[PDB]
């Protein structure tokens, strides 16, 4: 309770992640995202990068859960800019919000590495809802827009970080495996959104961006489950 159905059409993973032509089956990629056989480098550790990967079609699931496995790797104790996980009405292939479009209709879960407001509260994981009219407040790390958040250093961890994001009965729950160990099921609570309203149909997505400082933002897998 509830039961999960794996949804291949809204998922990707290795070890044959890309097709013979380097495309990701069922997903569109844009900007400087680089797909490969065992991961997508959504944005590489170069200056001023943007990249994204979005499902080609909308999903229509009443309740759902995504498990996203990733690394954010950089030479410095401080990195930028971060990675975003999305469920939104429209594809946001390119834009200023962690590589994706602003003014989305849905939810973004932002893994924000860089402390733009100097509040000494990064890296942070920030959940921001939007109806299509709100501009992401990048300068303040979306602080006044955040439905819920946690502080979690997802950078430079020895094992892949995992985010399990569950939309169930109008609530959104984010659990995080911090990647300190190779135990892939070691999740800890991050944040929960009550009265979470999202579109009935929408694309899933992942995106990343860099600035003057730059990490490699790598996604090893994005696994989507329908909950019934």
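Positions refer to the first chain, counted from 1.
Subject >> Residue range whose averaged C-alpha B-factor is higher in the record, 6-14 or 19-27 >> reply: If you average the C-alpha B-factors of 19-27 and of 6-14, the larger mean comes out for 19-27.
Per the PDB record, is the mean Cα temperature factor higher over 113-121 or over 98-106? Averaged over C-alpha atoms, the B-factors run higher in 113-121.
Fill in: Out of 37, 178, 48, 195, residue topping the C-alpha B-factor column of the entry
195 has the highest C-alpha B-factor of those listed.
Exercise. Of the options 68, 43, 60, 174, which has the highest CA B factor as deposited?
Worked result: When the deposited C-alpha B-factors of 68, 43, 60, 174 are compared, 60 is largest.
Would you please rank residue 93 by its C-alpha temperature factor against the other modelled residues of its chain and give the third it falls in: lowest, middle or highest? Highest third - that is where residue 93 ends up once the chain's C-alpha B-factors are sorted.
Q) So where's residue 83 on the chain's Cα temperature factor ranking, which third? A) According to the entry, residue 83 has a C-alpha B-factor in the chain's lowest third.
Worksheet entry | Where the record places residue 55 (Cα B-factor, split into thirds across the chain) | Its C-alpha B-factor belongs to the middle third of this chain's values.
Self-check item: Where the record places residue 165 (Cα B-factor, split into thirds across the chain)
Solution: According to the entry, residue 165 has a C-alpha B-factor in the chain's middle third.
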